[PDB]
Every structure is written in structure tokens, then in C-alpha cells.
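Here is the structure we will look at, set down as C-alpha cells.
There are 2 protein chains.
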Amino acid sequence: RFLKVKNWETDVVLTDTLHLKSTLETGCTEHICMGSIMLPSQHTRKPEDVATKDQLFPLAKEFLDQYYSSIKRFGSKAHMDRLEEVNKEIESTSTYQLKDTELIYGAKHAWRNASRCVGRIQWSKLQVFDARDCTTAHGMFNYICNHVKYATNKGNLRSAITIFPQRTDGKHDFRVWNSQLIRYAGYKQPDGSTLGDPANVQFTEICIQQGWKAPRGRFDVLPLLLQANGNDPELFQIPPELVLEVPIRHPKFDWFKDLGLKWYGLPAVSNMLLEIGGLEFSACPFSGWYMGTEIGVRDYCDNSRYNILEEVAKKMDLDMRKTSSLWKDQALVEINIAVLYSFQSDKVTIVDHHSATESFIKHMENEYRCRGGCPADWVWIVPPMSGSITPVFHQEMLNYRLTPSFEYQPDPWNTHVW
Amino acid sequence: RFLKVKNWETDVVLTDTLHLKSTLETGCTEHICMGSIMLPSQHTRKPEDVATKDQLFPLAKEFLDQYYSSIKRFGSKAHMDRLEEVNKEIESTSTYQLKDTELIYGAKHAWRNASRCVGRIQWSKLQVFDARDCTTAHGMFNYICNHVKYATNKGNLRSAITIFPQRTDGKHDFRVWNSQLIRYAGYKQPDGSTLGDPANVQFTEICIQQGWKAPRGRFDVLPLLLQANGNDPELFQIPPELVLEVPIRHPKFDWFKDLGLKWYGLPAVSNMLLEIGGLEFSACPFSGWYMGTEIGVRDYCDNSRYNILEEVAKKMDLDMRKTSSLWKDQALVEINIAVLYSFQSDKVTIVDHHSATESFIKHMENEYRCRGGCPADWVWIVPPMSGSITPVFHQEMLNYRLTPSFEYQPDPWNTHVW
Ligand code: HEM
Ligand code: HEM
Ligand SMILES: Cc1cc(N)nc2cc(-c3ccc(OCC4CC4)c(CN)c3)c(F)cc12
Ligand SMILES: Cc1cc(N)nc2cc(-c3ccc(OCC4CC4)c(CN)c3)c(F)cc12
Ligand SMILES: C[C@H](O)[C@H](O)[C@H]1CNc2nc(N)[nH]c(=O)c2N1
Ligand SMILES: C[C@H](O)[C@H](O)[C@H]1CNc2nc(N)[nH]c(=O)c2N1
Ligand SMILES: [Zn+2]
């Protein structure tokens with residue numbers, strides 16, 4: 299009940315007392331481990347499965363207690379008067395409203411608790427933008443544009459989150475239908491192959507269905523589809539000057555520019571749900587900067603993504619008949635030296651998987667000492683290439699789900715009543 | 299209760315009904331996932347925690363039923379007369395003895411159930427050597443030498459297991475003290491650095507402590523330390539002609555021979571415990587062939603193993619000041635093309651991590667169709683380099699512990715009464 303996690307590269311041993319405070323569930327049982335299921339039911343939020351006035355006050359009290367404990371005023375009168383104040387509003391309104399300071403704490407700790415995120419050494423350096431006064435899709439488009447500008451910061455990227463009004467009933471819901479604020483379109487072809495990004499082919503067509511004007515090329519930035527207060531979503535195009543992009547070159551191979559690759563600088567995921575004190579925020583886009591491999595390994599090289607190992611190995615002229623020539627591996631390392639180099643030579647913030655995973659080990663030390671633990675998902679923390687030459691491969695990690703938290707939710711076009 | 303596992307590269311969906319038959323536990327709970335703890339208490343067997351005459355007959359019946367079900371004679375008279383026969387012996391002797399055919403089935407299914415093993419497409423092609431008539435360490439050394447010869451098969455390797463007498467009391471225990479039959483010595487130095495293999499430095503010194511004559515070099519094959527029926531273990535040196543080794547060269551870089559590397563062909567793990575029908579076999583060395591990465595990635599490049607990324611990147615002349623030049627990754631791929639090439643050009647059976655992981659996906663299809671599932675540990679199945687350009691990265695796997703099974707046990711020098 300005071301568990302032990304070893305590192306097998308250092309023999310360092312840490313002790314996790316934080317998992318005791320865990321409330322949510324994991325999907326594993328004593329007789330089956332689901333640690334490799336991608337989207338377990340526990341990590342998802344249906345708009346039906348909200349909460350009711352009863353369910354709310356434990357979640358509120360629980361949250362308020364950890365907040366006042368953290369500003370060094372647990373159980374005090376200022377604390378207890380807030381419990382009463384929320385209590386009264388939860389009886390009255392059946393819901394309740396967070397202070398600015400409570401929204402900022404709750405947001406930063408949903409990132410801090412994000413067990414699948416390797417960048418968390420930065421969790422308290424998060425800029426929270428309060429968009430809870432937003433009422434229209436145009437309002438949403440305005441707040442999201444300012445988010446992009448700020449977080450992008452001319453390439454010196456800054457973490458940020460923009461938080462639209464919380465769910466209440468379930469129908470009147472704020473939702474960004476894009477999975478990420480900046481994303482490349484995906485168009486299928488006559489012969490069936492895919493230009494652009496296969497991941498977003500479904501979404502690309504929903505935008506065309508709502509009347510988008512697709513420049514049917516490769517790296518076409520999708521428009522935003524913003525649903526405000528349950529009303530049908532509306533298309534807006536980010537001003538291109540606001541979309542920072544990196545052309546991908548190589549510090550040795552001159553033909554790498556010929557490949558004609560580029561990516562956007564800002565990873566800003568827009569489809570997930572923030573949960574603070576039992577309140578659900580269905581529109582909460584959040585952003586930081588990339589780890590190289592997310593582009594260079596997954597985006598570019600997943601078979602069902604850009605799938606470029608083909609042409610890169612070609613231009614390297616590689617033994618491609620035999621599978622055991624490791625021609626796939628060989629071209630994957632070059633593609634990742636190129637994304638790093640390109641981003642750095644353009645002064646756009648990026649981290650390599652070695653730097654980031656050492657920071658996570660550092661951050662894990664801090665959380666275990668100053669917090670009693672650090673929830674971590676090994677399956678997601680280990681980078682998708684050169685796994686075992688990074689320190690996180692040899693680090694045993696306890697996974698458990700604390701709150702405040704980020705969660706998945708269905709795509710709104712499967713649930714929305716039009 | 300009839301769970302679903304998706305593949306996210308193919309959208310293939312499989313259904314696991316086999317996990318229902320699961321008996322052992324996993325270490326995870328509804329509130330915490332231990333899927334990345336290396337040696338969980340559930341995967342270990344203490345020599346105290348055997349079983350007693352009561353505990354035995356369920357385990358026997360359970361095992362016997364799955365055996366007779368599998369030779370297409372469930373619940374029959376031949377089956378029921380065996381249940382009675384074992385029952386009687388479990389009352390009489392408080393233990394019992396397996397048929398040859400029951401030992402062979404049980405062994406093959408302990409491999410079949412090995413959730414952390416990616417080579418299992420081969421599980422029914424396993425040669426079982428019955429060493430249950432062995433009484434002395436010299437007998438053990440004889441059986442192990444024949445195992446090496448057979449399994450090595452002049453380079454065309456064959457899977458095999460040799461099974462020494464089962465535990466009974468707990469003191470009179472057959473144990474191979476080596477962690478693997480063939481392993482390279484590990485000697486510390488004056489300045490502290492390690493020649494040989496750092497992993498086995500502890501074990502190397504126990505052999506010297508028992509009087510081994512160390513040729514204090516690099517790739518010195520350790521002697522066997524064989525404990526028979528609880529008596530103190532005894533040193534034997536495998537005839538060198540029986541130890542097949544591969545010198546490691548590169549199909550491009552001529553300086554790769556200068557590195558002066560080699561590995562043994564036969565991976566044969568000797569320290570684990572086979573568990574069949576509630577009987578414990580503490581000495582059961584088992585072997586197949588290597589996947590490249592176990593040598594080329596872990597053995598050669600782990601910081602606390604051979605740790606050669608240093609010199610390889612040097613001879614490639616690599617940007618080594620900056621961490622983000624990926625010089626570590628770049629040299630890891632070359633080292634793995636070299637292990638593959640060397641093993642193949644010597645006609646020694648080896649598999650690359652791409653070939654092996656596709657086979658595992660094939661094997662997983664077969665087990666789900668003809669067995670209702672396949673227990674799998676993603677943390678261990680995904681290879682330690684180029685993780686996400688192999689199909690197992692995108693395959694959700696259910697982990698659960700069936701029986702017959704292989705298990706860890708303490709090192710005998712911490713438990714043995716001398
Ligand atoms: C500041 C630099 C950051 C870096 C380098 C980083 C890194 C990563 C990486 C590599 C992943 C894996 C993504 C994938 O595999 O597709 C991830 C996931 C994630 N990140 Fe971070 N991140 C950063 C900032 C943030 C911020 C600011 C937030 C929230 C406000 C956040 C929350 C998350 C969440 C919720 C996940 C997925 C967890 C899940 O599926 O449950 N990250 N991150
Ligand atoms: C025939 C070719 C085989 C291949 C390519 C193979 C491959 C592998 C690999 C790559 C690992 C990971 C080892 C590590 O990461 O250090 C592993 C583990 C393992 N293998 Fe296999 N293996 C083979 C045969 C066998 C046989 C014949 C047995 C048993 C009779 C076996 C049982 C196991 C077990 C028990 C583990 C560890 C599971 C645990 O820790 O619970 N394998 N195997
Ligand atoms: C702030 C941030 C920075 C970064 N550097 N990376 C990030 C990656 C994700 C992320 C989480 C889950 C994802 O996918 C879930 C599969 C679709 C269901 C994806 C996209 N693959 C991204 C994320 F949220 C935030 C990230
Ligand atoms: C038959 C076979 C073939 C192969 N190709 N590979 C194999 C690897 C292991 C294995 C399992 C666990 C291990 O280590 C556990 C850590 C020490 C506690 C190691 C050595 N690292 C090897 C094994 F059993 C059998 C293997
Ligand atoms: C099946 C498996 O759960 C799936 O491929 C996961 C594995 N680990 C991952 N890890 C990260 N960081 N991102 C991912 O998309 C995935 N995908
Ligand atoms: C901490 C973590 O459990 C440990 O590094 C594991 C990870 N996965 C592994 N996978 C394999 N195949 N072999 C290993 O030794 C390990 N080590
Ligand atoms: Zn689990």
C-alpha cells in the first residue's frame with residue numbers, strides 16, 4: 299500500500315504514496331492487465347455520463363481541499379467558507395463555477411496528472427486562458443486565434459490552454475470539432491491512395507460537406523469547425539500568418555529538400571475533455587511544443603499516415619528487397635535528425651526524445667519527493683524509436699488516474715443532434 | 299467478459315474469450331496498473347511457497363482436463379481413470395508424477411502461455427528432453443551438453459527444453475545457478491570499469507569464489523554451476539567445440555571487424571521455473587534462437603551492459619557533442635544490421651525484429667481463432683528499437699497469466715543452505 303518502483307539502468311528506487319489518493323479506475327483487474335488498450339472506457343467521457351447535483355459536492359469538496367491544502371491554507375475559514383459557498387450553489391444551481399485561481403490550479407494539475415504525457419516537467423508553466431464568457435463560434439474563433447499567436451510566440455513556443463464554458467445540460471455544448479487546431483487535410487484519390495494526411499480524411503470530408511474549399515494538395519491547413527453552446531458548427535480559416543510551419547531539410551543529404559516536406563510548429567490538441575472538481579469542459583484546446591518523434595516517427599512513417607519510409611530509403615539507395623537489411627530503421631533515424639535540425643535552425647522550440655525522456659526522469663524524481671509519486675504510462679512514455687537507449691525504458695512506472703484530468707470524448711459528429 | 303482488442307494499423311478486431319480460463323493473478327488492480335513492473339511478486343516463485351497435498355489436486359485436475367480435452371478425449375474413462383490415478387498418488391505420496399506425454403504437453407504450453415515472448419509462433423515445435431532420472435551434477439552437466447549440441451544443430455537452431463527432477467521438499471532442489479547456459483564473464487577493474495559483461499559480474503565472482511580459473515578477458519564463456527538434489531553446486535566447463543559463436547562484421551564498414559565483437563548463437567535461459575499441474579521444476583533450461591535486437595540493442599548498448607555506442611559512433615565519426623544529433627540512434631541501427639548480417643552469413647538461425655513481430659501478429663490471429671485469445675505483454679513484445687515501424691506497436695494486447703507457465707525464482711545463492 300506504499301508501492302516500490304525500480305529503475306534498472308541506475309538501481310534507483312522510488313516510493314509511491316501518491317497512488318493512495320487515486321479516485322478514478324484503470325480498466326485493469328487482478329486477473330487481466332489492459333495497460334495497452336488505447337482508449338479504455340475509463341479514459342472516455344460520454345455527454346450522457348455527466349454528474350448530478352448529488353455526485354457533484356464530493357468532487358467539489360475533494361478538489362477544494364487539495365486546492366486549499368496547496369495554497370497552504372487547508373481546513374481554514376477561507377477554505378471552509380468556500381466549501382459552504384460551493385455547497386450552497388450546488389444545491390441552488392445544481393452546478394457551480396470555479397474561481398479564476400481555481401481554474402488555473404485545476405488546469406495545471408490535469409496536465410500534471412496526464413500519465414501518458416512525457417513533457418510534464420513543464421506542468422506549472424502553463425498559461426491558462428479563460429474563455430468561459432464565450433457565446434458564439436466567432437467568439438471561439440477569436441479566442442483560438444489569440445491562443446495560437448501567444449503559444450506560438452514567433453517560434454519560442456509557450457504552453458497554453460483555452461477553456462470554453464463548461465458543459466451543463468449536455469445539449470448546449472462547446473466543442474472544437476477539429477482533433478487539433480492546426481492539422482493537414484486528408485484527401486482520398488481515384489485509385490484509392492491518400493494525398494494529405496490519411497488520419498483526417500474523415501474530418502476533411504466533413505469540412506467539405508459543410509462547404510470547405512479544399513486546395514486538394516498535401517499540407518493544406520484545415521479550417522476550424524467550432525460548435526458553440528450546442529448550435530451547429532461553423533467554418534473558420536486561421537489567418538495563414540498565424541500558422542508557423544517548418545520546411546524539413548537535412549544537415550547532410552541535399553536531396554532531402556527535394557522530398558518537399560514540412561510540418562506545423564504548434565501541437566495543440568482540441569478534442570479532449572478537461573475535468574475539474576466534477577465539472578466537464580468539452581472545449582479546452584491545449585498546446586506545448588513537439589518531441590521530434592511525434593512528427594518524424596509517427597506522423598511521417600506510420601503505415602496509415604504519411605508513410606514516407608518508401609521514398610527516403612529510395613533516395614538513400616538502400617537494400618530494400620530483404621526485410622532484414624533494416625532499411626526501414628536506417629531511414630527512420632535520418633528522417634528524425636532532419637526534423638530536429640530543421641526546427642532548431644528555424645529557432646522553433648523542439649525537444650529530442652533523449653532530452654525529453656531524461657527530463658521526465660528528473661520530473662519523476664521531483665514528483666516522488668515533493669508529491670509522493672508520479673502517475674506514468676510506460677506504453678505511452680517510451681518513445682516510438684530507439685526505445686531502450688532512453689532512460690524511461692528502464693524505469694518502472696506506476697499508472698493510476700488522479701484528478702483534475704484530461705479525458706477523451708466521442709467525436710461530436712456521432713453525438714450531435716443537428 | 300468477452301473482451302475486445304483492436305489493431306490501429308489495420309483496424310483488425312479480435313475477441314478474447316481465453317482470458318476467462320485465467321487462474322493466476324497479474325498484480326494490477328482496478329485502481330493501479332503494474333504493467334511495467336519488471337519482476338512482480340505474481341511472476342515469482344519462492345521455494346517456501348510450494349503447495350501442499352490439498353492444493354495439488356485442483357491444479358492436477360485442472361491440468362489433466364485441459365490435456366485430455368486437447369487429445370480429443372475429455373471426460374472419458376481414460377481421462378477419468380487418470381484423475382483417479384493422480385488423486386490416489388496425491389493422497390499416497392502427497393505429490394505425483396507426469397507421463398512423458400503430459401510433460402511434453404505441459405512444457406509446450408508453458409511456452410505458449412509466455413506472454414512476454416514474441417517467438418511463440420513456434421511453440422508446438424519444441425523438443426522436450428526428460429532429465430527427471432538425473433541424480434548428480436555430472437548427470438546435469440551431461441544432459442545440458444546434449445541439450446546444447448541438439449539445439450545448436452550446427453547453426454540451424456532448434457528449440458529445446460531439458461527438465462530436471464521436480465521440487466519436492468524444497469531443500470533437495472535441482473538448480474542451474476547460471477542465468478543462461480552460455481554467457482560471457484564479467485570482471486570489474488582497478489579503476490572500476492567493467493571488462494566482459496557487467497550483468498554477470500556478481501555471478502562471475504561466485505564461480506571464481508568456487509575456484510574458477512578466469513582468463514580475465516572479454517568474451518570468456520562462463521563455466522556451468524550445477525546444483526543437484528540440494529547438494530552444493532559444482533563447476534563444469536562446456537566443451538568449447540559445443541559453443542557456437544558468431545564474429546560480428548558489417549556488410550559496408552570494414553572497420554567493424556576491428557571492433558572485435560562476437561556473440562554466442564544459442565539463447566538458453568537456465569534460471570527460471572517451469573510449473574505444470576502444480577508441480578515445480580526449478581531446473582529447466584530452455585532455448586531457441588535470437589531476435590537481433592536482444593544482442594544488438596540490449597546486450598551491446600544498454601548503459602549497464604557492453605555500452606558500445608561510444609566507440610561505434612566514434613568510428614563512424616559522428617556529431618557527438620550535441621545530444622539532438624541522434625548519433626546514438628544512428629549507431630544503433632548500424633550495430634543491428636551487423637548482427638543480422640553476421641549471423642546470416644554464418645548460416646546461424648536468427649530473426650530480425652520486423653520478421654519476428656509480423657509472425658507474432660500471425661500467431662496472435664491463430665491463437666484467437668483456434669484458442670479464443672493469446673495472452674501478450676506489450677511492454678515486452680514491442681522491440682527495443684524502431685518500436686512503431688513494427689506491427690506489434692499498433693496491436694492492443696490483453697495480458698493475463700494462464701498455466702502451465704514459466705516463472706522467475708530467486709537466485710539460489712540467496713536461499714541455499716550451504
Ligand atoms: C510542453 C511540451 C510538451 C511535450 C514535449 C509533450 C509531449 C507529449 C507526447 C510526446 C505525447 C504523446 C503524444 C502521442 O504519442 O501522440 C503527449 C501526450 C499528452 N500530452 Fe503532453 N506534451 C507537452 C505539453 C502538454 C500540455 C501543455 C498538456 C495539457 C495542457 C499536455 C497533455 C497531454 C495529454 C493529455 C496527453 C495524452 C494523454 C492521454 O491520452 O491520456 N501536454 N505529450
Ligand atoms: C524460438 C525462438 C524464440 C525467440 C525468437 C524468442 C524471443 C524472445 C524475446 C525477444 C524475448 C524477450 C527477452 C528479453 O527481452 O530479454 C523472449 C522472452 C521469453 N521467452 Fe521467448 N523466444 C524464443 C523461444 C522460446 C522458448 C523455446 C521458450 C520456452 C521454452 C521461450 C520462453 C520465453 C520466456 C518465458 C520469456 C520471458 C517471459 C517472462 O519474463 O515472463 N522462448 N523471447
Ligand atoms: C500538448 C501536446 C504536446 C505534444 N508535443 N504532443 C501532444 C500530443 C497529444 C496527443 C494525445 C493523444 C493523441 O491521439 C489519441 C488517439 C487518437 C485517439 C494524439 C494524436 N495522435 C495526440 C496531446 F493531446 C497533446 C500534446
Ligand atoms: C528462449 C529464448 C529465446 C530468445 N531469443 N530470447 C530469450 C530471452 C529470455 C529472457 C527472459 C528474461 C530475461 O531477463 C529477466 C531480467 C533478469 C530479470 C532475459 C535476460 N535479460 C532473457 C528467455 F527467458 C528465453 C529466450
Ligand atoms: C496498441 C497501442 O496501445 C498503441 O499503438 C499505442 C502504443 N503507445 C503509444 N504511445 C504514444 N506515445 N502514442 C501512441 O499513439 C501510442 N499508441
Ligand atoms: C522498466 C521496464 O519494465 C523494463 O525496462 C523492461 C521494459 N521492457 C522490456 N522488454 C523486453 N523484451 N526486455 C526487457 O528487459 C524489458 N525491460
Ligand atoms: Zn494493467
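Here the protein sequences line up with chains A and A', keeping their order. A prime marks a further copy of an entry chain. Using the entry's author numbering, read the first sequence as starting at 299 and increasing by one per residue. Using the entry's author numbering, read the second sequence as starting at 299 and increasing by one per residue. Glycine included, every Cβ here is placed at the ideal spot set by N, Cα and C.
Residue i CB to nearest heavy atom of ligand 5 below 8 Å
i, result
"residue 414 of chain A", "yes"
"residue 544 of chain A", "no"
"residue 693 of chain A'", "yes"
Cβ-heavy atom distance, residue i to ligand 7, below 8 Å
i, result
"residue 614 of chain A'", "no"
"residue 332 of chain A", "yes"
Three-state secondary structure assigned by DSSP to residue i
i, result
"residue 628 of chain A", "helix"
"residue 450 of chain A", "helix"
"residue 596 of chain A'", "helix"
"residue 365 of chain A", "helix"
"residue 642 of chain A'", "helix"
"residue 659 of chain A'", "helix"
"residue 520 of chain A'", "coil"
"residue 525 of chain A'", "strand"
"residue 562 of chain A", "strand"
"residue 602 of chain A'", "coil"
"residue 698 of chain A'", "coil"
"residue 353 of chain A", "helix"
Residue i beta carbon near ligand 1 (any heavy atom closer than 8 Å)
i, result
"residue 448 of chain A", "no"
"residue 418 of chain A", "yes"
Residue nearest to residue i in terms of C-alpha spacing, selected from the options
i, options, result
"residue 309 of chain A'", "A/602, A/708, A/712, A/658", "A/602"
"residue 520 of chain A", "A/526, A/527, A/534, A/468", "A/534"
"residue 332 of chain A", "A'/336, A'/302, A'/360", "A'/302"
"residue 406 of chain A", "A/485, A/707, A/621, A/702", "A/702"
"residue 330 of chain A", "A'/695, A'/705, A'/715", "A'/695"
"residue 606 of chain A'", "A'/598, A'/451, A'/342", "A'/598"
"residue 479 of chain A'", "A'/545, A'/444, A'/317, A'/508", "A'/444"
"residue 487 of chain A'", "A'/475, A'/501, A'/514", "A'/514"
"residue 611 of chain A'", "A'/595, A'/633, A'/600", "A'/633"
"residue 326 of chain A'", "A'/589, A'/704, A'/697", "A'/697"
"residue 544 of chain A'", "A'/452, A'/469, A'/551, A'/461", "A'/452"
"residue 340 of chain A'", "A'/541, A'/502, A'/556, A'/322", "A'/322"
"residue 686 of chain A", "A/300, A/299, A/306", "A/306"
Within-9 Å CB hit, residue i to chain A
i, result
"residue 657 of chain A'", "no"
"residue 331 of chain A'", "yes"
"residue 614 of chain A'", "no"
"residue 427 of chain A'", "no"
"residue 505 of chain A'", "no"
Residue interval of the beta strand (DSSP E) (run including residue i)
i, result
"residue 485 of chain A'", "484-486"
"residue 404 of chain A'", "Premise fails: residue 404 of chain A' lies in the alpha helix (DSSP H), 398-410, not in any beta strand (DSSP E)."
"residue 578 of chain A'", "577-579"
Enclosing alpha helix (DSSP H) for residue i [first to last residue]
i, result
"residue 425 of chain A", "That residue, residue 425 of chain A, is in no alpha helix (DSSP H); its beta strand (DSSP E) goes 425-428."
"residue 501 of chain A", "499-507"
"residue 610 of chain A'", "607-613"
Cβ-heavy atom distance, residue i to ligand 6, below 8 Å
i, result
"residue 658 of chain A'", "no"
"residue 593 of chain A", "no"
Residue i at chain A' interface by Cβ criterion, 9 Å
i, result
"residue 697 of chain A", "yes"
"residue 570 of chain A", "no"
"residue 347 of chain A", "no"
"residue 644 of chain A", "no"
"residue 325 of chain A", "yes"
"residue 626 of chain A", "yes"
Near ligand 3: residue i beta-carbon under 8 Å from a heavy atom
i, result
"residue 705 of chain A", "no"
"residue 586 of chain A", "yes"
Residue i Cβ short of 8 Å to ligand 4 heavy atom set
i, result
"residue 708 of chain A'", "no"
Check: residue i C-beta below 8 Å from any heavy atom of ligand 2
i, result
"residue 408 of chain A'", "yes"
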